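> quick one: initial chain(s) of a complex, as found there:
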Amino acid sequence: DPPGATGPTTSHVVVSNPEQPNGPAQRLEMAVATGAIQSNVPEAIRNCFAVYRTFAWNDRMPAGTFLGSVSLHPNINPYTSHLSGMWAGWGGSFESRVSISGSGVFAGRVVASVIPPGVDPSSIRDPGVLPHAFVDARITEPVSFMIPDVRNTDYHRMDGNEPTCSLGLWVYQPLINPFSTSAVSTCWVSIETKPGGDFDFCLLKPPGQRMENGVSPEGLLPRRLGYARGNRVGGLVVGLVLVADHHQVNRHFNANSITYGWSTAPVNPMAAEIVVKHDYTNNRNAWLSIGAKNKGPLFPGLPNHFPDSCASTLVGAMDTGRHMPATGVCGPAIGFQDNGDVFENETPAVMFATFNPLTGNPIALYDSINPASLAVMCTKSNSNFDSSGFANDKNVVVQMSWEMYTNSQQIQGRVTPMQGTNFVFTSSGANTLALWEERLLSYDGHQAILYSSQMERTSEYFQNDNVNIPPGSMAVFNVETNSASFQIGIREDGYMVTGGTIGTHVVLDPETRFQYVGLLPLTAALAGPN
Amino acid sequence: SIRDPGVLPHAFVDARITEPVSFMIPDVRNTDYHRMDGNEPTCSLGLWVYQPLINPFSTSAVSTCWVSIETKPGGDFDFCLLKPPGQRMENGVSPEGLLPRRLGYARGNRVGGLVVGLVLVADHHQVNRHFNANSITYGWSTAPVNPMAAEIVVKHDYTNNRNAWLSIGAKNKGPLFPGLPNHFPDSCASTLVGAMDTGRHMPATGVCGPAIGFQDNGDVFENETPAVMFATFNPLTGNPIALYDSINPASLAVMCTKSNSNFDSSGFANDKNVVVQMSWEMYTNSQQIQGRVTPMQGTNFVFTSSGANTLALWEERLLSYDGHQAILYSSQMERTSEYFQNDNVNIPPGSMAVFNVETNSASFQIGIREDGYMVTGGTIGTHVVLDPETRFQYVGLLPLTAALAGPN
Amino acid sequence: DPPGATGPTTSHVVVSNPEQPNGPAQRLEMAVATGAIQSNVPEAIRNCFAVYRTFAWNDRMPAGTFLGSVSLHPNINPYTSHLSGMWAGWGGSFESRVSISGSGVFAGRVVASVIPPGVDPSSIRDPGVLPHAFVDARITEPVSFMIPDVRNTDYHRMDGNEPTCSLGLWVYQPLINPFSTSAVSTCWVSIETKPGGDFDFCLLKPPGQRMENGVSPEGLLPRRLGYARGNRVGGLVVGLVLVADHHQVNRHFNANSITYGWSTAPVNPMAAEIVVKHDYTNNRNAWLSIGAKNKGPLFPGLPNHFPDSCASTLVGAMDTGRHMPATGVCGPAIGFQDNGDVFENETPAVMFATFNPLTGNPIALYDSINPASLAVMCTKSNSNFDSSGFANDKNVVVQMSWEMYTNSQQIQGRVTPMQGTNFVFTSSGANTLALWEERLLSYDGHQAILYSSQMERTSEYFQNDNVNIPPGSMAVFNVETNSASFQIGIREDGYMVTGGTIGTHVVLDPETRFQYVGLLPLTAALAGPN
Amino acid sequence: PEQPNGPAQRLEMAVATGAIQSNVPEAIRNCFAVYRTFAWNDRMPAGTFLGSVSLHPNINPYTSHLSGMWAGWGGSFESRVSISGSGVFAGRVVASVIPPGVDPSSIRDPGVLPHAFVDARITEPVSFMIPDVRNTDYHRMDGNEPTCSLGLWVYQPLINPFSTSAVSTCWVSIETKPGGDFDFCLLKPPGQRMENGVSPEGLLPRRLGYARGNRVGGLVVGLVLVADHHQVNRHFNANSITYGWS
């Protein structure tokens, strides 16, 4: 090869640690444990590299700055991640060439070290203490590193949530430019990846067979954002917020496919029965009591798709204006019989609310959601429900279409709980709980935004399968917007986590792309916004 | 299509056979390899009844035997050319993703109602949200069904003859036809569907839903949300304004269902907007909008089955204004429309993508054309009822002259 | 060779993919099928590289920026492209050396990868997954790549739009200049091409012979713009726009030489006959109903070369000013007799319009173009058409010169349709419908511009031959302007579609050079302006 | 001036199909049979396309008969062209062999191709070889692949020197052999309909007779020429689709 060009298969292996495991003896261990004597990877994959990451390296990053890591897993090669779906086991080292795109005028060194399993690359504070290699910024040939397979077992389960080795990159000596420019001179560290040598697969399962502890969390987020919808109302996802705590329990599902609420993950309009019809008053509007005849899918008594963004005492108290609760979620109400005979004449605008059943006294808001407390109230101040279509032996289906404030208080992070219910969801440290911004219609010229715990396809994917997110770690995704690229971690609680200050807003266009990285532990610091 | 199976060079297999019998399926090909794109014919292995199955035990019941087929890659089989995994190739994606693995809560492309089953119809005209294998539509709507956002052009007050209504048109902001708003129904009220009656003072048959007025900044008029029928009217009338034959961008309208009410003065002004859903269907006759599609002006799209294969439609489920079941016949379902819309699908113009359909009782075959339309054997008028446990299985590409095992 | 100079034949072949076809065995297969035992290519061409493209590579282009592809075809060597007019088939590989105009101070890499046939190079989302080679910007010796011929068949048809291999170039690590300045430091990637080895031609056709599915799309656009005219009026083409939708049907021809309008592709002046003469009124000027005696060459009744940019209700309402329609394209009218006794005295300034016969009542405007609606008014206030000169048994012909507005609305993307005529033309994704900014003579001191669907030499070229644009593809043209450089794709509908923001204006001087890249599919993303 | 390797294209077919042996009787390879006769008038100017003979089994009546049993073919035919006209007439006809992928009715320079002048005064016929230049290893019997052709054009117009105002017609005949390396590939049952349809030979009868149109069913008189038409009754596509009700 000429000195400016670099073909495939070309590797200059630098041994960054004189404690490599016996590769072929681990290959013997796999062949004893599974009978995997023959190789399962085509040599077209074993010979050529494939691009995995590229990392920025500025003047303005000091020594010891973590550039990025490459964790050992079959998903860091696209061909190996494709081939892994037919197999129940894997094991073996990878090979990884690093190219640094810096001129011969720069200066600066990168520490590249292989990390033992069970030690987090982002949490290492002293990177030159580990046995490490240096890579100069002036380097021309790409430098290859073996990422060894240090494993307790004879093979890794494809299920297996065990720690593997990583390859970390840190700034050893900062990047400088002799040309005194006030602007930032940027260098690019690209990482490519082979299956190296002793890598093989173990145990034929049929392709796409769901294994024991879940599916891969790659399908939690879309490939690009598009017209994604959140799990509270189904409004359009606008961006992200960083909040301290949150209480969202409707349509929130764990990695164990368990919810704590009463609704199903694809959002539908609320079908419900009419229990007691109420006429309008000089004080308060005409309203209607709601309850299924023990036909709720999760809580029999709570109808499917009742909003937790309804009107309550926790959200906003009633005002002597519109003669109704101030803040809540509204939509039109369609009455229909048991055979589906829709009352087609009127379709009154309607607010979701929880009321105190014990009142009578003018009936006021309740703190929480009780199956005997569910109600819908007219928005029109002096109208009345119709006599035959909204009778006590009828049904109603209501959508969640817009939001009304009648104050300066929205229902952004606010969730109406149930009785005897205290679900709190908190971020620990150097990682913040993140929520999606739904987009409602509003009763004013301002933007109506609710903060939802996850989006609809994340809720359906958690709902329908078990997702292999173990309780110690997160499924981490890269997020590329037009300007900001950052990381999001999804827990096994179903909640989101990313770095930054509580209150940080991100705006996500529908060209926002997500990329599944892998499982990083909860103690890892995610590169957040700003 | 082979009518004489013992004329081909063939093997016999007895019904009394104990060992399984292996056959090589050869690769007779013109080319040096098959493209993974490639829609070229390969060899097949057919099975025909040579001598009929008999039981010496004289039972009136049917004695059934099972012929199971297993498959290796045999010998000289190999793959050729590394593309990256999941790379879309030249003439499309595989049509495996046209239908779901199990039915579930699937929705059709006309209103978005629940898919109940299949019908066999002679012809159909459905052009909204229908996309080809070439990812081309002929209509004006986008494949995920959304509520119709539209402008208010002219507000009309109620009359002793006819209800209060409202004229519709986007300011050249339609995604496909600028002038036709996204998600206007082709199941609207028209002269082709049902003429007006001097009962409800409105068109008889159509699709209705509530109407939400809102401003340009999104300021929703939250007070009233009147029930509303989608209709196309003749703009030239005035004379009491009556139904039109087709859909013209100056003909679009929505009319109150309530017989003597009136649109509000400020929320439904001429500088406002409205968003309406398609929630239920009204008849006011014995004529539904099952296979009926309101066309456009100068538009004649006909979709016909040829022979020994019948055009098939999905049965949507609407809410109804009565105690009967409201069913519209839609050309495809929503995820089929989105999958045709977003990718090119490798269905060549001579063939079909064939699927096995397992319900509780009936298992049959469905062929999807490159037109996006469905095809299966049987008599015109055959109804199938599909529970949400109905499973689909992609078989492959069979030509249009193939006879699909239909229902019954 | 001295280390700074490179002669011909000098190549350092870098292998990017270790799976080349058996070159001399495919050459034997071509000779069995066609009898091409000996070489049909002169050996002066096989020994020397000749230039094909030159790609600009900047600081301001990120990683994964597609620089360009070299698709395998005879038109990528200038000698082989000339020879391919004689031959009906070909087969074999080309050899491609790449030279980068980078100093020794710069840094940056490009990915060179050979792409399998059937895969669009401009649809590859991760460029480095395939087996690739890295070429550095600081390289001195040029690097040679073999572009293999992976093919099902024994040879390629010179017609056949069957896919061949490509050599795509992407930016891997961006180009950086350490001498930091806001100015863009441009690098030049120049690609040269040999016929490599097993390349040959197959079957003699006569030179310049149109083959079965059309001529090449090279002659659609000129080599350089010049004084080019559009097909709406025939005015000077100023530049481009990017419009969402358009309706231009007149003189527009498909790749199958099929038109949907009523005119012929070189714009002649509008030969027309006079049906009913009309005098001037105090409210509106004099006018003249137009209709031939069923002598339109496409729609007999619509006259040859009647404008679509006439005055209509969609264009502009009539004002109580000059007693005529506000916005239209005007011209001087010439009245002549059937044998050639042209009327010499008067020549009225005459605006094109469309009116209503059913009115009777002052006759007003009309929405569309009906063969009874064809009518033109004066520009003067109280003049009148002469008795013998402009009678009911005479003719009239008008040369379109003006463009009047009389409001703030123009006829830019506006086309007047026919009755029973709703044609739309729309792009779908990563690509925007482009149009040609025409030029007329404004009635003001502003610039009077129409947007036309295609130009005359594109309309004439689609007429006289069929053009090899298959229905799933585009014909892509490089646009070498003074400042900008981008791509324009022409469809089989005859419409221009390119990348960029809807509404982007481009100024095209007559030194704008158009250069033909090959055929790309409709789903391909085009590098548009800015 | 390039012919394919005849017996080595035959090795490609025996690999791709298993057709190692011959399937055409050798009495057909020795007998020219009249395929088609073209009328050639005074009233056709220079450059008039007379008709092309595309390479297929249907251009020999013995080979079109044999091809009902076979799903594939490949190989060259041998053709000769003869004129039946008086020795007084003046006019040439170019007959040129056309490479595959070129439309014969789009060729504007027939005398540049490998050609032959077939004058009206000719006595012996002009023999041609029509090669099988193909990308593939065989041809599908139903497949509409590009083949080599044999076009005919009026190079010089046919004129009658005597004072005769009537139209004088000349007759161009084409005879055909299967040449040499021609063979068949894949047994289908005899008369088996292949995938994309039957041949269009059976659209019109061998002679008109008492034929009936599809609007009412009256006796067919002859043709007309109309610009546009709307007939939808009893009109069926090649895809066997009608839009009417009868």
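Sure, I can see it. Numbers count the residues shown, from 1 in each chain, chains lettered A, B, ... in the order given.
> hang on, residue A:183 packs against residue C:179?
No: if you go by CB atoms under 8 Å, residue A:183 and residue C:179 don't touch, sitting 11.1 Å apart. For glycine as for every other residue, the C-beta is placed from the backbone atoms N, C-alpha and C.
> Looking at the two, which is more packed in?
residue C:179 (16 against 11; other CB atoms under 10 Å in any protein chain shown).
> quick one: that one from chain A, how far?
To chain A, residue C:179 is 5 Å away according to CB to the nearest CB, to the nearest Å.
> And for the closest residue to residue A:386 other than its chain neighbours, the neighbour number?
On the basis of CB to CB, 6 or more residues apart in numbering or on different chains, the spatially nearest residue to residue A:386 that is not a chain neighbour turns out to be residue A:346, at 5.8 Å. Using other CB under 10 Å, residue A:346 is surrounded by 22 other residues.
> Check residue A:12 too.
The burial count for residue A:12: 9, using other CB under 10 Å.
> That one touches residue A:140, doesn't it?
No: Residue A:12 is beyond contact range of residue A:140, at 10.6 Å (criterion: CB under 8 Å).
> Counting residues, name the longest strand you see in chain A.
What stands out as the longest strand in chain A, according to DSSP state E, is strand A:166-176.
> Ramachandran coordinates for residue A:121?
Backbone geometry at residue A:121, expressed as degrees, to the nearest 10, gives phi -60, psi -30.
> how many neighbours does it have?
21.
> Packing partners of the longest strand of chain A?
Where contact means 3 or more CB pairs under 8 Å, 6 or more residues apart in numbering or on different chains; DSSP states H and E, strand A:166-176 is packed against strand A:50-57, strand A:66-71, strand A:107-115, strand A:143-147, strand A:187-195.
> Apply 6 Å and report the result again.
The contact analysis (3 or more CB pairs under 6 Å, 6 or more residues apart in numbering or on different chains; DSSP states H and E) places strand A:166-176 against strand A:66-71, strand A:107-115.
> let's put chain E on the structure above:
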Amino acid sequence: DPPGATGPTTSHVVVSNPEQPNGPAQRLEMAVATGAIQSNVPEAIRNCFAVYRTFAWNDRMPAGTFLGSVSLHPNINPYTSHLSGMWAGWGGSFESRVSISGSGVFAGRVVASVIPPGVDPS
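Chain E, in position alongside the others:
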């Protein structure tokens, strides 16, 4: 072959009459008279059996019930019947395998006899 499956070309020739003509000597006589020295039949047809008839055989048919005759003609192979539109003469023997769709519980025999020319089988 496995004992339940039968491919093409599989034949167990049972002789019903031990007075066959000299087959290859009659083939030489045909080539003197007509010049048919080489084979006019493709060898794909000579190797495989193709179906001609199917005869129902019941409990309710007594002994001596005529099931059917296979008279020697080109129209008793479907490929040879198609080829015989090209030819004005023929000669030679055909080979006929017979398969009976009987279970192992049934019983019954058929007579197969080759009949001299000039004698009606019925």
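> Chain E added, so what about what packs on strand A:166-176 now?
Using 3+ CB pairs under 6 Å, 6+ apart as the test, strand A:166-176 ends up in contact with strand A:66-71, strand A:107-115.
> quick check: angle from that strand to strand A:132-136?
Using axes from the mean of the first three to the mean of the last three CA atoms, to 10 degrees, the inter-axis angle of strand A:166-176 relative to strand A:132-136 is 40 degrees.
> With only the CA atoms kept, save strand A:166-176 in PDB.
Taking C-alpha atoms only, strand A:166-176 is exported to PDB below (Å, rounded to 0.1, in the frame of the first residue of the first chain):
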ATOM      1  CA  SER A 166     -14.100  -2.200  26.800                       C
ATOM      2  CA  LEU A 167     -11.700  -0.100  24.900                       C
ATOM      3  CA  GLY A 168     -11.600   3.400  26.300                       C
ATOM      4  CA  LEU A 169     -10.100   6.500  24.900                       C
ATOM      5  CA  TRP A 170      -8.900   9.500  27.000                       C
ATOM      6  CA  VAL A 171      -7.100  12.700  26.300                       C
ATOM      7  CA  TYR A 172      -3.600  12.100  27.700                       C
ATOM      8  CA  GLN A 173      -2.000  15.300  26.400                       C
ATOM      9  CA  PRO A 174      -4.300  18.000  25.100                       C
ATOM     10  CA  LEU A 175      -4.600  18.900  21.500                       C
ATOM     11  CA  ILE A 176      -2.700  22.100  20.500                       C
END
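> What lies in contact with that strand?
Contacts of strand A:166-176 with the rest of the structure, by CB atoms under 6 Å, 6 or more residues apart in numbering or on different chains, involve A:57, A:59, A:61-71, A:96, A:107-115, A:121, A:127, A:137, A:145, A:147, A:187.
> Present the helices and strands packed on strand A:166-176 as TSV; the columns should include mean neighbour count.
Output for the helices and strands packed on strand A:166-176, formatted as TSV (neighbours: other CB atoms under 10 Å in any protein chain shown):
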stretch	mean neighbour count
strand A:66-71	21
strand A:107-115	23
